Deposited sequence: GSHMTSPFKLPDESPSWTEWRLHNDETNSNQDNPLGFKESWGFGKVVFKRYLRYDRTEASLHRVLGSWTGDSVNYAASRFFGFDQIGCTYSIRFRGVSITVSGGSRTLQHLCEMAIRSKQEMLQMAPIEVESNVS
């Protein structure tokens, strides 16, 4: 299936995750998890994120309105399907959801939600 994502997955191995745990804390993870769900299908990413401008800029590029619409439209037809973006970072999860007819607005809110969460006060 074609992904809504434009960067590949970066899930740490169990060993990398242990090492990072040994050397740091839920407020300083390796990165964050995000997902786009259209109908019955879900696409997932773990992306490394270090709370700098360069890093925020990188991870904001993991999907766009267009990449999302291209992916989701594979699943469209007459009836409306449920669409969901979810992001989790530092113990907070934000999910943005609605029906496919409102996908443009869900993307707009999803991107703002992502930026606000990834810049939230330490």
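If you line the structure up with the deposited chain, the stretches without a C-alpha atom are 1 to 3, 28 to 29, 128 to 135.
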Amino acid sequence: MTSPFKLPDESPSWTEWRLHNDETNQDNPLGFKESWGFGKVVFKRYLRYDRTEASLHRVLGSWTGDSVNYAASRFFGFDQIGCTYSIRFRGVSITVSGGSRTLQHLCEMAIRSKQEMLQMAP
From here on, numbers count along this sequence of modelled residues.
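Higher mean CA temperature factor between 113 to 121 and 3 to 11: 113 to 121, per the PDB entry. When the mean C-alpha temperature factors of 36 to 44 and 76 to 84 are read from the deposited coordinates, 76 to 84 comes out higher. Among all modelled residues in its chain, residue 97 ranks in the middle third by Cα B-factor. Ranked within its chain, residue 57 lands in the lowest third, by CA B factor from the PDB record. Residue 69: CA B factor lies in the middle third for its chain, per the PDB record.
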